[PDB]
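Asks:
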Amino acid sequence: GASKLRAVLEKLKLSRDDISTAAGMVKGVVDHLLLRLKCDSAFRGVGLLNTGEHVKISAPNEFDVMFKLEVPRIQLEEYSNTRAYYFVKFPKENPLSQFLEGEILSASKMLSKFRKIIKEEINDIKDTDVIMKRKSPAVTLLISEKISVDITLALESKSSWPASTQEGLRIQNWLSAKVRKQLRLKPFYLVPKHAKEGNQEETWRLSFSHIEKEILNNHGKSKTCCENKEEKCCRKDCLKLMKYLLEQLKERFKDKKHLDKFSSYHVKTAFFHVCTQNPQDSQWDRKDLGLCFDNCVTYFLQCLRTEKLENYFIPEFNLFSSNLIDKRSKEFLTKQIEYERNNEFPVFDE
Ligand SMILES: O=c1cc(CNc2ccccc2F)[nH]c2nc(NCc3ccccc3Cl)nn12
Ligand SMILES: [Zn+2]
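If you count by the authors' numbering, then the sequence shown holds residues 161 to 212, 216 to 253, 257 to 301, 305 to 368, 371 to 521, one letter each, in order.
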């Protein structure tokens, strides 16, 4: 119960203080690469995207970074009616035309020049040992023998969010409509997709990876939630436990393929739906950690059984569509999570 879940969280906290030094090595290499990238005519306006980092909290040495590139006067064209994937289209020509394939922006061309640069600069680094790993649209580096960094390049648009997000980000009941309006004034992002996901096609995918940070840092119905003794909630802790539960289950079954398609996306999306459904800070009281986590678990199970997990920004897109994850995989994860819940989560102890 809550006592055990608390113990897990204190365990993870100790390993977080020991990767401050590893974060320094990452920031060192990242800033070096942003500097050499800015010398390129195509990537001149590249920059770091503020997102908080760690997709894996059971592997404190694996890091995740996003570089953004602003592309002004951008025209988007939705692929099929997939809602999430888009072709990128544009009198005067500019350096980005070297990435055009016909009249659309090629992610392959752009990723290829992106990779060639980093690989060239990685070899030029002599103050630390850093290797590049084999190609999956991101670039992955190994610093020392333990630390690894995934670098994703995203296009940034400061124009209005695409129309498929119009009924999404439904946080009005929790954080108020004016916060939703504010968030929707922030830019949006487009990333290259996998050859795994989708149909090779030069479509880009909507990304809102900058939004989680905005909400997690201002997460209460109360403006002072988690800012004094009398207002301690367990939202952050429940998201951490949900993430750890999926990471642990995927490790336990890494030999089978049955869980390859589940990721922290699904847990996060399910978490923030529970925050929408339970908007009151009193539904997240620190003393009720065990009950609050159980709510998160049972909500996730319900999504699994009904095969419905709406993306948070594009509700028409079902992350748990059988078109994406087959019925048998959800049923399996349901079985494992039900077993965990029923046995006070033995996947959690030492
Ligand atoms: O960066 C993130 C993070 C989350 C995680 N959830 C989440 C984050 C912040 C606040 C609330 C949340 F529930 N979801 C997400 N969806 C998209 N793009 C849309 C999309 C991406 C991929 C496939 C289909 C679709 Cl339609 N980006 N993106
Ligand atoms: Zn709080």
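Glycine included, every Cβ here is placed at the ideal spot set by N, Cα and C.
So, using beta-carbon positions, are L460 and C396 closer together than 8 Å?
Replies: No. Outside cutoff.
Asks: Can you tell me whether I386 sits near ligand 4, meaning its C-beta is under 7 Å from at least one heavy atom of the ligand?
Replies: Ligand 4 is absent from the structure shown, which contains only ligand 1 and ligand 2.
Asks: Please list, in chain order, all residues of the same chain as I386 whose beta carbon is under 6 Å from its beta carbon, the five residues on each side excluded.
Replies: The answer is none, since no qualifying residue turns up.
Asks: Could you have a look at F265 and say whether DSSP puts it in helix, strand or coil?
Replies: Here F265 sits in helix by DSSP.
Asks: For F503, which residues in the same chain have their Cβ closer than 6 Å to its Cβ, ignoring the five residues on either side in sequence?
Replies: Contacts found: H429.
Asks: Quick check: the Cα distance between residue 522 and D452, rounded to an integer number of angstroms?
Replies: Within the shown structure, residues of the chain are numbered from 161 to 521, placing residue 522 beyond reach of any answer.
Asks: Could you tell me the boundaries of the alpha helix (DSSP H) in which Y436 lies?
Replies: Element bounds for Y436: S435 to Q448.
Asks: With 16 as the cutoff for other CB atoms within 10 Å, does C474 come out buried or exposed?
Replies: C474 should be labelled buried.
Asks: Helix, strand or coil for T505? Go by DSSP, reduced to three states.
Replies: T505 falls in the helix class under three-state DSSP.
Asks: Which runs of the alpha helix (DSSP H) spanning at least 4 residues fall entirely within the region 387-414, listed in chain order?
Replies: Whole alpha helix (DSSP H) segments, 4+ residues: zero.
Asks: So what does DSSP say about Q238, is it helix, strand or coil?
Replies: DSSP places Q238 in strand when its eight states are reduced to three.
Asks: Taking only three categories from DSSP, how would you classify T309?
Replies: Strand.
Asks: Can you tell me which residues fall inside 5 Å of ligand 2, judged by beta-carbon distance to its nearest heavy atom, and keep chain order?
Replies: Listed along the chain, these residues meet the criterion: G391, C396, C397 and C404.
Asks: Hey, would you say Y470 sits closer than 8 Å to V445, going by beta carbons?
Replies: Their beta carbons are under 8 Å apart, which means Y470 touches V445 by this criterion.
Asks: Would you kindly check if the distance between the Cβ of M185 and the Cβ of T294 is under 8 Å?
Replies: Yes, these two residues count as a Cβ contact at 8 Å.
Asks: Which word fits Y510, buried or exposed, when buried means at least 16 other C-beta atoms lie within 10 angstroms of its C-beta?
Replies: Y510 is exposed by the Cβ-count criterion.
Asks: What residues match up with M229 in a beta bridge as DSSP calls it?
Replies: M229 pairs with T321.
Asks: Among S393, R196 and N260, which residue has its Cα nearest to the Cα of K403?
Replies: The shortest Cα separation from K403 among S393, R196 and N260 belongs to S393.
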